[PDB]
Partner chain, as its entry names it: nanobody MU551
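A lone chain, given as structure tokens: the form deposited without its partner chain.
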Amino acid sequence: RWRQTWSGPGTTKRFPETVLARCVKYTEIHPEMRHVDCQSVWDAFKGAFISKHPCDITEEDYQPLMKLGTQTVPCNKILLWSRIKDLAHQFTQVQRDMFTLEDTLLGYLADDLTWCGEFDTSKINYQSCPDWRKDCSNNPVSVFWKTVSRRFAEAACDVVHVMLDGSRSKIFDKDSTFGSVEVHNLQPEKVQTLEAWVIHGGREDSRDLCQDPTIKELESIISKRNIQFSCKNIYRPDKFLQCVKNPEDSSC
């Protein structure tokens, strides 16, 4: 058909099967989640959006899934990221020095997936789903990520790290999930410091991006919440990952 209802991509092909499968795999690997019933997880995930108008999703819709996906994350080892998930993931994969949202059951289930349903039918919409900008912010995908992201930020303590994309126009973007949700849900009673790692995208020798106006903005926001701010440049992400893998081994 030549014109879709919504402006965004439709539900990921075989979404139910993919989510169920990711749940078996995750619960086989992670012993703390070995007992989770993946049929129940899928049913709760479905219940959040099936038969519901995809511009009228609320955080409450996902509460059954959140309950089933309850999981302890080492609070002092969280790695947040904004628009730079690949390096964050590559980094935590080496020796599990830190945990991203996609290291948790719920983040792992949804990563890279899209999904929505229809008001008053129980079908999944594989043709289109609302675009956050053009159609509506209260859509199944956006609401899921906001809900799980807030919970993840709330879980953090001590020193929390964030990888930021230093090749971007706004290295810290207040409109990102990091900037709009996570910064504001770190608990100052528990979180001592937010340390940003600004990942360079530019070959070799470049600026001190910790002096970027948007980084100063982030510092000001965090500092005014009574959390300390630290920042480091990662000039060569390739060298960084090499050093994580083989530390002291070379010129690290």
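Numbering follows the first chain given and starts at 1.
FYI, the form solved in complex with its partner chain isn't displayed, but the following is about it.
With the partner omitted here, the residue from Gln93, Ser180, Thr114, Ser142 that has a non-hydrogen atom within 4.5 angstroms of its partner chain in the deposited complex is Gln93. Its partner chain is not drawn, but in the deposited complex it has a heavy atom within 4.5 Å of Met98. Heavy atoms of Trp42 never reach within 4.5 Å of its partner chain in the deposited complex, leaving it off the interface. In the deposited complex, its partner chain sits within 4.5 Å of a heavy atom of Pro31. By the criterion of a heavy atom within 4.5 Å, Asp103 is counted among the residues contacting its partner chain in the deposited complex. Contact annotation for 212-247: residues with any non-hydrogen atom within 4.5 angstroms of its partner chain in the deposited complex are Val244, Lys245, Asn246, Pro247, listed in sequence order.
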